[PDB]
Structures are given as C-alpha cells and as structure tokens.
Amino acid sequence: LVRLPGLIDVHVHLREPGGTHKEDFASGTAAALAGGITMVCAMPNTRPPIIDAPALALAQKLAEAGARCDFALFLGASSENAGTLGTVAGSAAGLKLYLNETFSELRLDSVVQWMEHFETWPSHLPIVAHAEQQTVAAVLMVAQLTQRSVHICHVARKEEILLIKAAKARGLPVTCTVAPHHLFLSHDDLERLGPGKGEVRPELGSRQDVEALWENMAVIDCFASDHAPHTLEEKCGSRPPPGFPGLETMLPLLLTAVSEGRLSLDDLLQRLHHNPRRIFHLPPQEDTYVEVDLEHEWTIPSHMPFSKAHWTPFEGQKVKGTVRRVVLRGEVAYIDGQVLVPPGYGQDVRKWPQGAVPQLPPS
C-alpha cells in the first residue's frame, strides 16, 4: 500500500439543488471518497443556479447537511450579476464563467460581459472559465486587459494546450486543468460509446489531441474529473445532455498510467493535491490521507457503485490500482467499497479560518 495525502477535485457537478435524480451531495461525495478524493469544488450550474447570495446560502446548507467529504462551492457568472457578488465572493471557491454551449443556461453572449466580471470580481479570488478552442485565446485577452489571472478548465485539444503553452512562455498568469476522459478516450471510442453516451463538452478529441495532452503534461496544472452525472435514460434519450461521471474512475485510470510509467507519482500529486491547493487557496485537511493499492488489476464495470449516474464511459477498460481506505479528519471515511461517514460529515472549507483567501486590507 501507498499513503497519499487527501486528494482534491476542483471541478465536480453534484446536481443539488434541482437535479437530484442524477446525483446529490450525499451520493456525489460518496463517489468522491471511493475515488480517493477528500475535498471537492462544486460547480454552480444547478437549478436554481448559484448566481446570487440566496442561491449560495441554500446550496451551502444543502452541502453542509449532505456532503460526506469537505467542499467549497463556486459562484456562477451571469449576464446580470456582475458587480453584485462582492459581499459573498470570499465565501465561494471562485467564480465560474461559461463561455461556450454546454449543460448550462449561464452562457455569456458578449465579451463585454466577460470584461465586466473580470473588472468587478475581487482581484485576489479565483476565476475559472469553460473556454473552448479560440475561446481560450479570447478569455486570455480579457484577463490581460484587466491585468489578472485566469484558470482554464477541462483542456481537451492540441489547439488549446499549445495556446496555453505559448501564453505561459510569455509569462502570462494562466493555469489549466485536464480531465481523465480527454487523456484516456478519443474519437476512436465513439463507435463503442454511441452518439448519446459520447456527448460531452469539450467533445472527445482525435488521437492527435490526446497525444498532444500527454506530450505537454508539463503545461497541465491540475487534473479534475469534471464529474458530470446524468442518468442512462437521459444519455440514451432524444436530447442527450453532455457529460461523463468520473469521480470513481479518475484515480484508478491515473494510477494505471503511473504503473505504466506514463507519469510519476509526483506528477499525480502535484496535479491532484498541491496545485489545486495553491491555485484555489484551499486549506490543508488535518489527519487526512488515502491508502491505495498499486497491484490489484481489475476491469471497469458497466457502472460504479456510488454515483447515481449508474453508467460509465470507461466500461471495459483494464486498470491497475485501487483505493483501499480513506481517512478524513481522523475518521475512517471509506474502506473497500463501503463509505463509513454519514451525509453531513463534510464541511465548507471556506468557513475554516485557514480556508479564507488572504487579501490586502481596506485602502
């Protein structure tokens, strides 16, 4: 067995409030623990969406009562809320901008609206953007015009990682995350998945996109699942929403890659622990660790045990490595397929004294 620190997934969709047949805080954080994850950051594209103080207050209580691991909640940018989030901004994981079409009603239709958010959101707090292809260059321009940093979530294309690489070479403050489906799946998999299951944003890339991401691993700051649960009925239906569940498969896939020498254990810990902490200013978790077994070989089944999504695009993949035990803040939280902490054990890390983002005092 190997002992790892508590891993952090900075990009999950837990569907509560409003989509709880797909997942809720209790089921989604159970999936997190089973995947060796002890802290999650939940996206705001719920129903109602987390785009104002009252929606945030509601989500916070739902999470505090339902979460089994620790968490922070993102606020979402809308066409109406720029300049209105200053009072609650510090209590959120960060601000999420949806800049392309995806499972969300929050798309901003004008770059001027992006600028307004970059100008009004506190400068010391994280901004994350769903930005695909040329949109990555556009949001980078807005970040430069407003003189601040931006984080690009789920980078999926050779085009995108090479653009980010060029920006870092010029010293621009940009960081990025890559999700496991964009490292381990490609167009070649759509035959097997079909057009419904295969729907995700950004879409699965070519083999060349996948190869470019591996070749440019040094450019990738974080891994995150983009856990996006939808039921099989929805994925197989007439208007399939995009997204894959992934909390329970992420670490097993990456541990397999480690065992094959495609990256080191440190590469993994930088991207699932240290970089998430430092980019999102997330606090340490006392007495918290994950024990993995690197020798157990298994095949991913048609669905993982915990997520309500009840399906997985990785069905049939051979992996080596499994999560054996998770201890969270001194309590056994997970052992071999059984979660052992109840809904509500998890806490909002932004309310911990060490979880606040340091800022310069009033002028």
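From 1 onward, residues are counted along the sequence shown.
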Entry-level comparison of average CA B-factors, 234 to 242 and 112 to 120, reporting the higher stretch: 234 to 242
Which has higher Cα B-factors on average according to the PDB entry: 265 to 273 or 96 to 104? 96 to 104
Can you tell me which of 44, 28, 316, 35 has the highest Cα temperature factor in the record? 316
Taking the Cα B-factors listed in the entry, which of 145, 161, 193, 217 comes out highest? 193
Could you say whether, by C-alpha temperature factor, residue 91 belongs to the lowest, middle or highest third of its chain? middle
Splitting the chain's C-alpha B-factors into thirds, which one does residue 211 fall into? middle
Quick tally, chain-level thirds of C-alpha B-factors: residue 187 sits in the highest
Report the third (lowest, middle or highest) to which the CA temperature factor of residue 311 belongs, ranking only the modelled residues of the same chain. lowest
Assert third(CA B-factor, residue 15) within chain per record equals middle
